[PDB]
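Before any comments, here is the structure.
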Protein chains: 4
Amino acid sequence: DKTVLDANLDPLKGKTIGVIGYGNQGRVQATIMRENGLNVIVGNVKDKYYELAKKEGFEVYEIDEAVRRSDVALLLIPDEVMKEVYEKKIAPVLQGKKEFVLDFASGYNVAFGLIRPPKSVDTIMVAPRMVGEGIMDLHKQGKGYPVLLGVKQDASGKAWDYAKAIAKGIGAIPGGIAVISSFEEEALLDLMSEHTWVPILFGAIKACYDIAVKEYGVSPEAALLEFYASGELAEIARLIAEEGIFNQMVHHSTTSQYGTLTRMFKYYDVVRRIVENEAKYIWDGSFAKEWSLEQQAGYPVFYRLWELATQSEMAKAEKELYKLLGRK
Amino acid sequence: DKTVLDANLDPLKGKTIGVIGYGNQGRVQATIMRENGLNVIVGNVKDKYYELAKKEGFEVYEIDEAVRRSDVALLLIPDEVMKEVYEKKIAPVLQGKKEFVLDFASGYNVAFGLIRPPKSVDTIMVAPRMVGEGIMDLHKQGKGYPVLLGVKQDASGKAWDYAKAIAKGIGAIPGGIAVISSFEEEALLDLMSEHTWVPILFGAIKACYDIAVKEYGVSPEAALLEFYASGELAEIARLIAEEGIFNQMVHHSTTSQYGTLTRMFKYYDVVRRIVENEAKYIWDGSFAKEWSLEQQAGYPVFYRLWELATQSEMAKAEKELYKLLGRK
Amino acid sequence: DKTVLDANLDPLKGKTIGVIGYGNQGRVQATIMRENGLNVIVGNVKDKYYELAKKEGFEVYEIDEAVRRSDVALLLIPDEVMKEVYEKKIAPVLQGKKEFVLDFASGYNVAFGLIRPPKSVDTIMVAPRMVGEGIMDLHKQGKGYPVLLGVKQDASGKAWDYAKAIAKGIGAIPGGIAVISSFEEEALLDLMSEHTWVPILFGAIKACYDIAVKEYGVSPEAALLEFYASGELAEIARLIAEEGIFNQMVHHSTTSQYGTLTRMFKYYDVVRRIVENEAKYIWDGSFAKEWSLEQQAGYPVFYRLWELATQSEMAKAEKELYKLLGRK
Amino acid sequence: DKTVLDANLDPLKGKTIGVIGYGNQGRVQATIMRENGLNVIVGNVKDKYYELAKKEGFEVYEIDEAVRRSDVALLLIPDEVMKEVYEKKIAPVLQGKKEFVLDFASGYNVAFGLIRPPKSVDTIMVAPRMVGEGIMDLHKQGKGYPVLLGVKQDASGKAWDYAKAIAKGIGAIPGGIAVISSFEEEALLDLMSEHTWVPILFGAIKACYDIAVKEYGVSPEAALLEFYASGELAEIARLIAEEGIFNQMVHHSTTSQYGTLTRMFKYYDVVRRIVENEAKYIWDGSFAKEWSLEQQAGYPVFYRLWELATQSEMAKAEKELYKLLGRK
Ligand SMILES: NC(=O)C1=CN([C@@H]2O[C@H](COP(=O)(O)OP(=O)(O)OC[C@H]3O[C@@H](n4cnc5c(N)ncnc54)[C@H](O)[C@@H]3O)[C@@H](O)[C@H]2O)C=CC1
Ligand SMILES: NC(=O)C1=CN([C@@H]2O[C@H](COP(=O)(O)OP(=O)(O)OC[C@H]3O[C@@H](n4cnc5c(N)ncnc54)[C@H](O)[C@@H]3O)[C@@H](O)[C@H]2O)C=CC1
Ligand SMILES: NC(=O)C1=CN([C@@H]2O[C@H](COP(=O)(O)OP(=O)(O)OC[C@H]3O[C@@H](n4cnc5c(N)ncnc54)[C@H](O)[C@@H]3O)[C@@H](O)[C@H]2O)C=CC1
Ligand SMILES: NC(=O)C1=CN([C@@H]2O[C@H](COP(=O)(O)OP(=O)(O)OC[C@H]3O[C@@H](n4cnc5c(N)ncnc54)[C@H](O)[C@@H]3O)[C@@H](O)[C@H]2O)C=CC1
Ligand SMILES: O=C(O)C1(C(=O)O)CC1
Ligand SMILES: O=C(O)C1(C(=O)O)CC1
Ligand SMILES: O=C(O)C1(C(=O)O)CC1
Ligand SMILES: O=C(O)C1(C(=O)O)CC1
Ligand SMILES: [Mg+2]
Ligand SMILES: [Mg+2]
Ligand SMILES: [Mg+2]
Ligand SMILES: [Mg+2]
Ligand SMILES: [Mg+2]
Ligand SMILES: [Mg+2]
Ligand SMILES: [Mg+2]
Ligand SMILES: [Mg+2]
């Protein structure tokens with residue numbers, strides 16, 4: 001209905017694509033755009049990555065020289081230091097440009113207003129949904145994969161066609177799909193998943209273990225095998241990915257289905273509440289402030305929590321165990 | 001009783017007044033002090049404003065050169081960037097001075113400790129209560145207007161006479177009045193008005209509209225005419241300004257007076273509570289911290305809220321309407 | 001979309017329009033209908049107003065004689081004594097009529113069932129949204145202005161065309177607009193504005209003053225200048241009327257915008273609650289009962305509240321002040 | 001300090017005093033003013049009272065004829081029907097007057113706005129504090145007694161001297177005293193005593209009896225003797241009147257003093273709350289509305305409560321008892 005499946009590849013010919021960063025996403029996006037018939041250069045600071053990106057053939061300059069040559073740029077770099085870079089190097093050059101297309105992999109720095117490029121620029125988003133590595137395995141098979149798209153500002157009337165051109169340039173289509181959206185509807189999710197259903201999982205596990213041991217008299221080496229020290233989790237995750245979330249449960253016995261569904265519908269509101277709270281905290285722009293300040297202070301809380309979890313009890317016992325199974 | 005009406009104009013003769021900034025307040029204060037028989041220079045950075053302030057005759061240097069020549073300075077500039085300026089340019093020069101008089105239009109940066117000048121300085125406040133423009137219309141008529149005054153530090157024994165000298169130098173007296181106060185009793189109000197009775201007004205309106213439409217089946221184009229899209233508001237505001245707040249209501253019918261007064265006395269405590277909370281939040285110095293940090297982060301929340309209100313529903317409908325009345 | 005801009009002026013020719021009352025709305029409506037080519041008479045009791053309405057040329061009889069001659073009547077009189085009049089004089093005459101058109105400026109007496117005319121009558125509403133005076137200034141410029149319309153009962157199939165005919169007869173269109181609605185959706189608003197966002201404003205102000213003085217040690221003569229004794233209010237009301245409610249705030253500094261918006265979104269629910277309560281109190285018809293009874297008792301509460309507010313503290317100090325600025 | 005003890009008796013000579021009503025207060029006030037050297041007439045409707053007031057020498061006309069002759073009037077009649085009378089008869093005559101002095105015994109009808117005389121009238125209050133009868137016994141002894149005074153409106157500059165003239169005209173001074181006050185501070189008390197400490201007394205007694213009987217197994221004929229069927233109450237009331245409220249308790253044993261004082265200080269707040277609530281209910285003007293409406297409906301609730309209390313249990317048993325002691 002609203003899930004674009006393919007487009008043309010016209011605009012990006014006659015132009016040069018200067019890519020920034022050569023990390024996880026950078027490598028594959030670069031190689032794919034190259035293999036699909038596009039001229040490319042690369043921009044990165046002179047470190048270990050520089051040698052490699054040079055190795056694979058790309059003609060590499062440093063950043064400003066790169067943006068100066070391209071009418072397009074893929075800012076494939078972290079979500080934290082982008083601000084400093086944009087303010088030190090790029091913007092001075094942006095003002096020196098006429099028509100320029102800016103693409104990101106994440107809108108955390110845009111949606112929340114931390115960047116405000118000129119009006120003479122085409123602003124867009126291209127959001128892969130993958131770890132980054134397996135994309136290669138999915139590529140050699142010729143299969144595409146999903147992505148999200150959106151615009152924040154356009155002064156050329158043709159932002160979307162450039163967006164889809166790139167969508168093809170990375171091979172995620174055809175074969176996969178590409179959704180159209182906004183920056184907000186992307187960061188919102190990328191953070192909701194991180195704030196709501198993941199940490200709750202971790203806490204539930206950490207609590208079941210502690211309860212069992214300290215109250216019902218269980219041995220530590222036992223629980224961990226049942227809870228996560230076995231591959232059960234990833235197996236059922238795969239069943240979800242392929243066969244469906246709910247239809248998955250048939251492979252389990254009824255005695256499991258009943259106890260699962262009853263509770264699922266029993267403890268639903270309790271977490272809906274939490275999700276509402278957190279989503280509202282985000283939509284307003286608070287979390288960005290929180291994180292930015294913690295950056296401006298020295299990552300104290302980060303430090304203390306990383307010390308606690310690792311120096312917790314469950315982690316100690318798990319270390320003993322892994323030490324016992326021959327693993328790391 | 002304690003509302004000074006006029007004083008003498010002695011101290012500021014034989015001295016030079018170097019004014020900083022030439023914005024809204026700067027223009028009129030400058031012109032008035034000039035027309036009342038005082039030598040003046042002007043201090044501003046080389047931008048658009050510089051050309052104009054030069055146009056109107058004032059001999060303009062840049063800031064440091066200005067403060068170096070005057071025994072007095074009127075820091076008529078925003079309430080946010082004053083800190084950076086004072087720390088970069090002025091203080092080095094303050095230490096080079098012997099007797100200097102510092103005047104402001106707002107004490108937000110002083111009362112909350114963000115500035116701490118030397119002990120060899122006369123610190124004062126002069127607070128006009130006007131938009132800035134209409135002061136001219138009130139001046140040509142020869143009428144004064146009200147102001148607030150106060151001191152934070154004095155090492156000359158004669159701060160108040162300089163204060164009143166200036167009070168005359170801007171023409172707000174005689175004809176108007178001048179109150180004596182402190183910096184705190186000024187910022188406190190300038191912020192209470194912004195935090196308590198204004199936003200409550202806006203929220204009440206925004207809520208009445210939403211309720212009417214979404215629940216009682218009203219058309220959007222209708223409400224806005226009753227609530228604020230008509231000039232009712234400013235009319236009664238004027239009646240308040242001139243004839244009195246309460247006596248104003250006679251012009252309205254009784255059926256309005258009853259329903260207004262009963263509720264006024266019904267919902268009084270509810271807002272007294274809020275006002276207490278906010279005033280306490282201020283007196284302590286929290287809001288200053290909040291705002292300063294939000295400045296040090298990139299105005300995220302500012303951004304998101306400005307996006308919400310504008311992209312709300314009421315604003316959309318109002319835009320359609322104004323588009324329909326031929327206005328902007 | 002649903003905002004009529006003009007119609008024809010056919011039905012009201014060959015007929016006579018007998019107007020009742022000659023107060024604020026009566027004068028201008030009368031003069032305009034006369035200047036747009038319509039025969040008119042006037043109905044009022046023999047008091048001061050009678051002499052004037054006669055002065056301006058209108059051939060005046062007393063009421064019953066007027067309704068007897070016209071097929072239309074504009075009941076431009078208060079919202080309180082209309083009942084007594086309708087029951088004493090008009091209804092006896094209504095029964096003597098064949099086809100008659102009844103128009104009001106407010107539906108408080110209709111929507112709430114206090115009047116129930118025959119079935120042989122055309123019932124309509126015409127609701128100007130103005131103080132009444134400025135309409136003249138808006139008329140000489142040829143500009144129209146907004147109004148609300150609606151029907152309660154029709155036995156002629158052509159109520160709406162008479163409504164629009166009148167809409168033109170008063171000059172509010174063209175140039176302005178005219179909305180279509182019901183009686184309820186009119187009184188509801190005319191009362192919500194009086195019950196919710198006005199008295200809350202007054203109470204917030206009255207509370208800020210009291211708090212400041214009695215707790216934080218401020219002088220009375222000071223606050224009033226900041227809160228309402230200055231023309232700030234009407235200025236920003238005008239900015240709302242013209243440039244938009246929210247876009248208005250740009251002229252203020254950021255430090256104001258932040259503190260305003262955060263709170264606006266913080267204290268929203270608190271007042272939504274109140275608005276719901278009051279709107280429900282109205283929709284049901286309670287307030288009408290309350291007011292009618294208080295009329296049948298002698299306006300005691302009215303009396304006591306008017307004594308309190310005037311004999312309050314804030315009003316005393318404001319009287320001293322106005323006495324000090326040379327105003328009344 | 002502020003307790004007038006005597007004044008002169010000048011103004012009321014050369015003038016005629018027309019008194020209204022001849023009930024409890026009327027008789028003694030009339031006779032006293034006559035015995036102190038003043039001309040008097042009387043105003044009352046033609047009923048039983050008329051014959052008597054004529055008997056005692058007073059030259060009696062009916063009301064309007066009376067007010068027409070006097071420059072003063074004492075409206076010694078109930079607090080309920082005064083409105084009807086004032087509106088039917090007096091006001092038409094008031095407008096026919098030049099200088100007139102209006103005195104009352106209670107301000108319930110004034111303070112609460114139920115009467116609004118012209119501006120050409122001297123309005124005052126004179127409030128005896130007595131049953132009405134014992135005043136005679138206190139008069140023959142030559143002793144005065146206390147009263148309250150106040151003004152609501154004066155257009156003669158000499159209201160207070162007329163007030164004190166009357167204060168002497170009724171003999172309550174000298175020997176007694178006269179306080180100066182307002183109408184509000186009079187009705188407020190006359191109603192607080194009726195609403196707070198009296199009914200609480202009655203309820204406490206009614207509850208002790210019921211509790212004792214229905215729970216602790218006591219006979220009805222017993223309790224009533226202890227609680228109120230004995231003269232204990234009036235005895236200690238007299239001790240209060242004469243020797244002091246607290247010093248009274250010495251005559252009782254310590255075992256009583258302890259249990260009384262501890263509880264007095266234990267249950268203090270509980271009733272302070274109630275008193276606040278009721279006083280606020282009054283100050284606002286609600287009770288007046290309540291009562292007026294109940295008058296306009298037919299005294300239903302009055303009826304039902306009078307039926308309940310009388311047809312209660314305690315009253316039945318008390319009737320049996322009084323029937324047993326030979327009393328009524
Ligand atoms: N698994 C993943 O990491 C995925 C990445 N993304 C998005 O792509 C971007 C990052 O992806 P990757 O680069 O592949 O992961 P990454 O975290 O390994 O990125 C490291 C790269 O950042 C560059 N870099 C780091 N610090 C720099 C600095 N101060 N100055 C200049 N360059 C610096 C380095 O050249 C390095 O190659 C983010 O926006 C992320 O949201 C989206 C899907 C998942
Ligand atoms: N309607 C108003 O704006 C009123 C102003 N005030 C107070 O006066 C001061 C501001 O008044 P206005 O200047 O008339 O309004 P404004 O906001 O238009 O001030 C703009 C002026 O600030 C100068 N300026 C801005 N940024 C600068 C920077 N980085 N470096 C050097 N100069 C800079 C500019 O020369 C410009 O002329 C504030 O303290 C305010 O509280 C008091 C009453 C109301
Ligand atoms: N600013 C305003 O007053 C506006 C008026 N309206 C509506 O129009 C009507 C009133 O408007 P206006 O007359 O202009 O204001 P108004 O309150 O000055 O009306 C006074 C008129 O009512 C007449 N009148 C008063 N008592 C009377 C009585 N016992 N018997 C016969 N006639 C009596 C008088 O002739 C007098 O001319 C109301 O329905 C009101 O809701 C609508 C918009 C605003
Ligand atoms: N124990 C008391 O009754 C005291 C009386 N007062 C105040 O004095 C006034 C009443 O005092 P009293 O007359 O002595 O008690 P009251 O209740 O016995 O008054 C009865 C008198 O009212 C007259 N009256 C009753 N209905 C009338 C009507 N429709 N039209 C014309 N006249 C009518 C009658 O002539 C009758 O003589 C009240 O304002 C009361 O607050 C003050 C202190 C106590
Ligand atoms: O792993 C589980 O939870 C099983 C169950 O008892 O349902 C064994 C399959
Ligand atoms: O604007 C209002 O609220 C009015 C009322 O009904 O009281 C018309 C004057
Ligand atoms: O400080 C502020 O934002 C101002 C106000 O009037 O509230 C403009 C001076
Ligand atoms: O009447 C009482 O309450 C007494 C007591 O026991 O204190 C007998 C005096
Ligand atoms: Mg993420
Ligand atoms: Mg994710
Ligand atoms: Mg401010
Ligand atoms: Mg202000
Ligand atoms: Mg109204
Ligand atoms: Mg209104
Ligand atoms: Mg009483
Ligand atoms: Mg009493």
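Here is how names work: the chains are called A, B, and so on, in the same order as the sequence lines, proteins then strands, and each is numbered from 1.
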Practice task
Return yes if some donor-acceptor pair links the side-chain N/O of D/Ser120 with the main-chain N/O of D/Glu99 below 3.5 Å, else return no.
Solution key: no
Completion exercise
Of all heavy-atom pairs linking D/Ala53 and D/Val42, the shortest is CB-CG1, 4.4 Å
Practice task
Decide yes or no on side-chain contact (heavy atoms from CB on, under 4.5 Å) for D/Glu278 and D/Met192, but give the supporting numbers first.
Solution key: CA-CA 8 Å; D/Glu278 292 291 345; D/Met192 284 162 77; over 6 Å; no
Handout entry: Electrostatic pair D/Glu84:D/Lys88 at N-O distance under 4.0 angstrom
Key = yes
Problem - Under 3.5 Å: donor-acceptor pair, side chain of D/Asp154, backbone of D/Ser156 - result: yes
Practice task
Take D/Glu56 and D/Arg27 through the test side-chain contact (heavy atoms from CB on, under 4.5 Å) and record every step on the way to the result.
Solution key: CA-CA 10 Å; D/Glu56 281 149 314; D/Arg27 193 140 166 257; 2.9 Å; yes
Problem - Heavy-atom side-chain contact between D/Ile17 and D/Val19 under 4.5 Å - result: yes
Completion exercise
Between D/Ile41 and D/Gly18 the two heavy atoms that sit nearest each other are CG1-CA, 3.5 Å
Problem - For D/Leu12 against D/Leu38, the heavy-atom pair lying closest together - result: O-CD2, 3.3 Å
Practice task
For the pair D/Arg238 and D/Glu243, find out whether any cationic side-chain nitrogen is under 4.0 Å from an anionic carboxylate oxygen.
Solution key: no
Practice task
State whether the side chain of C/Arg304 and the backbone N or O of D/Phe112 hold a donor-acceptor pair below 3.5 Å, judged by distance alone.
Solution key: no
Exercise for the section: Check for a donor-acceptor pair, side chain of C/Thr310 on one end and backbone N or O of C/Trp306 on the other, with a separation under 3.5 Å. Expected result: yes
Handout entry: side-chain contact (heavy atoms from CB on, under 4.5 Å) evaluation trace for D/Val85 with D/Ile90
Key = CA-CA 7 Å; D/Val85 175; D/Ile90 293 156; 4.1 Å; yes
Handout entry: Audit row: D/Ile274, D/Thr196, side-chain contact (heavy atoms from CB on, under 4.5 Å) steps and yes/no
Key = CA-CA 8 Å; D/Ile274 297 161; D/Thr196 72; 5.7 Å; no
Practice task
Answer yes or no: does atom NZ of C/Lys89 have more than 12 heavy-atom neighbours from other residues, nucleotides or ligands under 6.0 Å?
Solution key: no
Exercise for the section: Would you verify whether the NZ or CZ of C/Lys328 falls within 45 degrees of the ring axis of C/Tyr322 while also being under 6.0 Å from that six-membered ring's centre? Expected result: no
Problem - Heavy atoms of other groups near D/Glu59 CD, more than 12 under 6.0 Å - result: no
Exercise for the section: Please step through side chain to side chain donor-acceptor pair (under 3.5 Å) for the pair C/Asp79 and B/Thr255, ending with a clear verdict. Expected result: CA-CA 8 Å; C/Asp79 289 289; B/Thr255 308; over 6 Å; no
Handout entry: SB check D/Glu87 D/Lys83 (cutoff 4.0 Å)
Key = no
Practice task
Report yes if some heavy atom in the side chain of D/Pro117 is under 4.5 Å from a heavy atom in the side chain of D/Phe100; otherwise report no.
Solution key: no
Practice task
Answer yes or no: is there a donor N or O on one side and an acceptor on the other, between the side chain of D/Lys54 and the main chain of D/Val60, under 3.5 Å?
Solution key: no
Practice task
Using distance alone, with no hydrogens and no angle criterion, decide if D/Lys15 and D/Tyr162 have a side-chain donor and acceptor under 3.5 Å apart.
Solution key: yes
Practice task
Working to the nearest 0.5 Å, report the span between CG of B/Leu261 and OG of B/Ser256.
Solution key: 9.0 Å
Problem - Heavy-atom side-chain contact between D/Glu62 and D/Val45 under 4.5 Å - result: no
Exercise for the section: For side chain to side chain donor-acceptor pair (under 3.5 Å), just list the numbers for D/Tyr108 and D/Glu186, CA-CA rounded to whole Å, side-chain angles, deciding distance to a tenth of an Å, and then say yes or no. Expected result: CA-CA 9 Å; D/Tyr108 166 76; D/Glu186 190 280 338; over 6 Å; no
Exercise for the section: Please examine the side chains of D/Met33 and D/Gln29, heavy atoms only from C-beta on, and report whether any two atoms are closer than 4.5 Å. Expected result: yes
Practice task
Report yes or no: does D/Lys168 contribute a side-chain atom to a donor-acceptor pair with the main-chain N or O of D/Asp6 at less than 3.5 Å?
Solution key: no
Handout entry: Pair D/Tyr145 + D/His139: ring centers closer than 6.0 Å
Key = no
Practice task
Applying ring pair (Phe, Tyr, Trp, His ring centres under 6.0 Å), run through D/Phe287 and D/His195 and close with a yes or a no.
Solution key: CA-CA 11 Å; D/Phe287 179 71; D/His195 292 85; 4.6 Å; yes
Fill in the blank from the handout: dist C/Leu305:CG -> B/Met264:CE (nearest 0.5 Å) comes out at 8.5 Å
Exercise for the section: Drop me the distance from C/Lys316's NZ to C/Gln311's CD, to the nearest 0.5 angstrom. Expected result: 6.0 Å
Problem - Nearest-0.5 Å distance, NE2 of residue B/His251 to CG of residue C/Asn24 - result: 10.5 Å
Practice task
Please tell me if the side chains of D/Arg34 and D/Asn39 come closer than 4.5 Å, counting only heavy atoms from C-beta onward.
Solution key: no
Exercise for the section: Say whether D/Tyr228 and D/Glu318, considering side chains only, have a donor N or O and an acceptor N or O under 3.5 Å apart. Expected result: yes
Exercise for the section: Would you name the heavy atoms of D/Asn36 and D/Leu9 that are closest together and state the gap between them? Expected result: O-CD2, 4.4 Å
Problem - D/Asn44 side chain reached by D/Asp47 side chain, heavy atoms, under 4.5 Å - result: yes
Problem - Polar side-chain atom of D/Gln153 near backbone of D/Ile124 as donor-acceptor pair, under 3.5 Å - result: no
Handout entry: Mutual orientation of the aromatic rings belonging to C/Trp291 and B/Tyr258 [parallel < 30°, tilted 30-60°, perpendicular > 60°]
Key = tilted
Practice task
Describe, in one word, how the ring planes of C/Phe202 and B/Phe246 are oriented to each other, choosing from parallel (under 30°), tilted (30 to 60°) and perpendicular (over 60°).
Solution key: perpendicular
Problem - Distance in Å, C/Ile115 CD1 paired with C/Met82 CE, rounded so as to fall on 0.5 Å steps - result: 5.5 Å
Handout entry: Backbone of D/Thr16 reached by a side-chain donor or acceptor of D/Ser70 within 3.5 Å
Key = yes
Exercise for the section: Please tell me if the side chains of C/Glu294 and C/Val301 come closer than 4.5 Å, counting only heavy atoms from C-beta onward. Expected result: yes
Handout entry: D/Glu65 side-chain N/O to D/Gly43 backbone N/O, donor-acceptor pair under 3.5 Å
Key = no
Completion exercise
Taking every heavy atom of D/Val147 against every heavy atom of D/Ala172, the minimum-distance pair comes out as CG1-CB, 3.8 Å
Exercise for the section: Report the distance from atom CG of D/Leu76 to atom OG of D/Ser106, rounding to the nearest 0.5 Å. Expected result: 11.5 Å
Exercise for the section: Return the minimal non-hydrogen interatomic distance between D/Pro146 and D/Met130, and the atom names on each side. Expected result: CD-CE, 4.4 Å
Problem - Non-hydrogen side-chain atoms of D/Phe183 and D/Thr123 separated by less than 4.5 Å - result: yes
Fill in the blank from the handout: Residues at least two apart in sequence or cross-chain that pass side chain to side chain donor-acceptor pair (under 3.5 Å) with C/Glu307, listed by chain then number, are none
Handout entry: Side-chain donor/acceptor of C/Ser292 to backbone N/O of C/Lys289, under 3.5 Å
Key = no
